[PDB]
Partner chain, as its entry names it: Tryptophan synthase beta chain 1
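Shown here is one chain on its own, the form solved without the partner chain, set out as structure tokens.
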């Protein structure tokens, strides 16, 4: 869904507010090959400490689901950079799958990632997504075996997203091992969310086969620290990670 060598920012919607989120996106767009926009959820059990707290912040400040389409729609007025919406199933199941996908498609979303999509629903989800024009993005962790990777790659229309809960400040062997394994199997492009935070992390991961590197924790850390004034700080962190 993005160019090879891409840096892919991840931001939580409504952290600290939908307005600041828009500002951050517009500020990082020039460095982004694609963008992941996260929908805060009450029980973000799949996320690491940093991202979990951004979910809490966003919600505390009173974020509401569709406030995410506002961010996208507005962003679209300025950019055409691919946008991937990341969410938990709950919000979508409760709000009607097809209805959500359709609305997202209208707001300008290109692909969706449902962190905890029940395998029991995977198929129907992928089909509805295809009918609504939304590309799919599936996750795989260090404990995802070769056989599951294949099945994941086969249902993926957007790209395969590899993560590492591990954190770091070096990238764990187990994470490199996952990338390596994913490359010998996936036909789709793969992006990695391994909690990078240093230029060597970006250089290394790209060199090792990552089509794109996601950058979330490093950005969300700054945002929870600088609030609405995090903009320029984000630009510098991204430039540092880019070597510019």
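Residue numbers count along the first chain shown, from 1.
Form deposited with the partner chain bound: not shown, discussed below.
The partner chain in the entry with it bound is not approached by residue 80, whose heavy atoms all lie more than 4.5 angstroms from it. The closest non-hydrogen atom of residue 90 lies within 4.5 Å of the partner chain in the entry with it bound. Though the partner is left out of this view, residue 155 does not reach within 4.5 Å of the partner chain in the entry with it bound, counting heavy atoms only.
The closest heavy atom approach of residue 218 to the partner chain in the entry with it bound falls outside 4.5 Å. Proximity to the partner chain in the entry with it bound holds for all of 140, 144 and 166, with the criterion being a heavy atom within 4.5 Å.
With the partner omitted here, the stretch from 184-192, 24-32, 205-213, 60-68 that lies within 4.5 Å of the partner chain by heavy atoms in the entry with it bound is 60-68. Residue in contact with the partner chain in the entry with it bound (any heavy atom within 4.5 Å), chosen from 148, 73, 98, 130: 148.
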